[PDB]
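Taking the form deposited in one PDB entry, here's one chain by itself in C-alpha cells.
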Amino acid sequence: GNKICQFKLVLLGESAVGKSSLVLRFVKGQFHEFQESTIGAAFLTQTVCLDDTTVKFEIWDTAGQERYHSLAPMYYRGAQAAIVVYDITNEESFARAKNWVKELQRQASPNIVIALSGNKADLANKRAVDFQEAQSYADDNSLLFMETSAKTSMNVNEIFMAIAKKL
C-alpha cells in the first residue's frame, strides 16, 4: 500500500524494568545486558509495514527513576499511545506501573491507547506477578497486555504492532 501513518508513543515505568531494552530491541534488533540507566529521556524512531500501511513510530523512552517523575508530562502530553512497563519478577514494579496507568488515564489525552508490558518474561523462574492477575487487571482497565522479553525478543515486535493496529 501507499498509505503512511505516524504516531507518538511513550514508554513509562519504574527504573530497570527494561524500557530502553524494549525500544532497542524493536528499533535496532539489539539487546544489551549492560544497558545504562537513562538520564531524562531518549528518542528513537522505527518504520514498519502494517497491512497496506507504512507506520512510523516516534518513541520517547523515559528515564524511570522517581527524580524524573516531574518531566513525564513533557513526554506523554501529546502521545497517541503509551507502553507502561513492569518487570514480572518484581511486584513493586507492577504496583508502580498501575500508578503510571492511573496518571495517564487522568492526565494524558483521553483517547490515548495504553499497553502494559510484563517484561523480563524470560526470567519466569523468578516470577513475582501472576500472568492471569495482570491480564485481569489489564482487561478491567482497557489496557493492551503482553508479557515480553527484550532479551529474547519475545512479543517485542508484537506489542508495538498491536498498538499500531489499534490507532
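Quick note: we count residues from 1 along the sequence shown, nothing fancier.
The stretch 41 to 49 shows the higher mean C-alpha B-factor when 134 to 142 is compared against 41 to 49 in the entry. The mean C-alpha temperature factor is higher for 67 to 75 when 93 to 101 and 67 to 75 are set side by side. Highest C-alpha temperature factor among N125, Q35, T62, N119 per the entry: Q35. In the PDB entry, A108 places in the middle third of its chain by CA B-factor. Compared with the other modelled residues of the chain, the Cα B-factor recorded for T152 ranks in the middle third.
Missing here is the form deposited with a partner chain bound; even so, the following discussion is about that form.
Proximity of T38, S70 and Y75 to the partner chain in the bound PDB entry is complete: all three residues have a non-hydrogen atom within 4.5 angstroms. Put simply, of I112, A42, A121, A134 only one has a heavy atom within 4.5 Å of the partner chain in the bound PDB entry, and it is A42. In the bound PDB entry, no heavy atom of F31 sits within 4.5 Å of the partner chain. Segments offered: 97 to 105, 137 to 145, 124 to 132, 62 to 70. Contacting the partner chain in the bound PDB entry at heavy atom distances within 4.5 Å is 62 to 70.
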